[PDB]
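Please read the structure below before turning to the comments.
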Amino acid sequence: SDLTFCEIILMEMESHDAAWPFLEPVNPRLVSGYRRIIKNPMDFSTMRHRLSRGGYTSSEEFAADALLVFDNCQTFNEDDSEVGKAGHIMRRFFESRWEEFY
Ligand SMILES: CN(C)CCCOc1ccc(-c2cc(NCCCn3cccn3)nc(S(C)(=O)=O)n2)cc1
């Protein structure tokens, strides 16, 4: 019953104005040397793939992947960059919705 809310939250994040950096895996042709720094990439497409296939055994596991998206953003980008700002917006949005649903 808790896992059904993850799809709803995922859809809301996919639709958010600030979500553009996170929709698909980082493209290494666009973001030079990404994997030198980010050893465990994550993105909303990968999360959708796993959620749709029972790859999350609990809502907590889904939340951990959401936070990994934002933690990787914060590790790679300065807070005042456009992508860094987007990550902070999305983390706040995610955490707020998580509290409402749970
Ligand atoms: C072809 N299709 C329309 C592309 C649409 C999506 O394009 C993206 C998506 C995500 C990025 C990107 C970048 C970045 N740090 C660098 C910021 C400076 N920058 C370098 C290249 C571009 N901007 N960090 C991150 S993340 C996920 O670690 O926070 N994600 C980039 C492009």
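The chain is numbered in sequence order, starting from 1. Start at 1 and go down the list; that is how both ligands and their atoms are numbered.
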Discussion item. Just to be sure I understand the cut-off, which residues have at least one non-hydrogen atom under 4.0 angstrom from an atom of ligand 1?
Written reply: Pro21, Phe22, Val26, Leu30, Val31, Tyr34, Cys73, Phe76, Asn77, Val83
Worksheet item: In Å and rounded to the nearest 0.5 Å, what is the CZ to OG distance from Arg48 to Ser45?
Response: 8.5 Å
Response to the item:
Contacts satisfying salt bridge (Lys or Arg N to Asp or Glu O under 4.0 Å) that involve residues 32-41 (not counting sequence neighbours) are none
Worksheet item: Does some side-chain heavy atom of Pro41 sit less than 4.5 Å from a side-chain heavy atom of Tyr34?
Response: yes
Discussion item. Does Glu24, at its CD atom, have more than 12 non-hydrogen atoms belonging to other residues, nucleotides or ligands within less than 6.0 Å?
Written reply: no
Worksheet entry | Rounded distance [0.5 Å steps], OG1 in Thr46 versus CG in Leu51 | 12.5 Å
Response to the item:
Here the gap from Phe70 atom CZ to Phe22 atom CZ, rounded to the nearest 0.5 Å, amounts to 6.5 Å
